[PDB]
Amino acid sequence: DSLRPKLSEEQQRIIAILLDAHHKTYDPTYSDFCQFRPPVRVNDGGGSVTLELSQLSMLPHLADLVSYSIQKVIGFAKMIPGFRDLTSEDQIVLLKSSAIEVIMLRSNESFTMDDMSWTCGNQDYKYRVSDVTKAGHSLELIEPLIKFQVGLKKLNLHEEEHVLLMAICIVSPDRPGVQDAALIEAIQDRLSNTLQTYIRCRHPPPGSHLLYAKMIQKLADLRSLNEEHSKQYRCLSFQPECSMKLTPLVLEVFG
């Protein structure tokens, strides 16, 4: 019974714009990573919280990585059809509230189920759960984060669907502090309708089965991950001298 209306001219343009935006802001060779402060991995087979906090050995590198990624996400967002129709104030609210979520989403591209790592090149830029603990985070974030990465991987999203999901994540009307919720909702609805239409006419079975609902659930998962990251960042920031291991951008977004 289900009808399959064709993608409109505008919806095709929206998809093209978002793919272009992503290609301009996501380097799939990770060739800039050598510019970050170097990764350091202390001997911590026992997973000692005291040692992890004393050294924070992976923090400078991972802070630089996240800071770089926030810059790329700002660039991506500015290319989302309609985003620049929002007031500057709403733009900043949306960016600061979604940054960590979009980072988790976009990182799925480097994540591999081969060995459950984010593989961004050689030994040095292969990131494991043990690197996250070396940046001062705990299992309560790490466990659901890995589960999220695998769940997302198993959806086998088209790149078209991946970029739409990132856009929908950013343009969310229910974020605290937004002023024009109605306009944000209108922009999101345009993107949501594009995604729904794409899945129903371009995604082959059986991977398309209830796919939109699964993608919506992943957005809810990201909210939970956002909250847990914020909680853990707060405690991490109590460590004397932590600020110098971060960046001004990271300090603003998460502080």
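For every residue, the number given is its place in the sequence shown, counted from 1. In this text, the rigid core denotes the largest set of C-alpha atoms whose superposition between the two forms falls within 1.5 Å.
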item: Greater Cα displacement in 8 other deposited structures of this protein once the core is superposed, comparing 62-70 with 198-206; value: 198-206
item: Selected stretch [higher average CA B-factor]: 160-168 or 80-88; value: 80-88
item: Of 14-22 and 228-236, the one with larger mean CA B-factor; value: 228-236
item: Residue selected from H209, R190, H61, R223 by maximal Cα B factor; value: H209
item: CA B-factor placement of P28, once the chain's modelled residues are sorted into thirds; value: lowest
item: Relative C-alpha B-factor of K147, binned into the chain's lowest, middle or highest third; value: middle
item: Relative C-alpha B-factor of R106, binned into the chain's lowest, middle or highest third; value: lowest
item: Position of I70 among the chain's modelled residues by C-alpha B-factor, lowest, middle or highest third; value: lowest
item: For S57, the third of its chain into which the C-alpha B factor falls; value: lowest
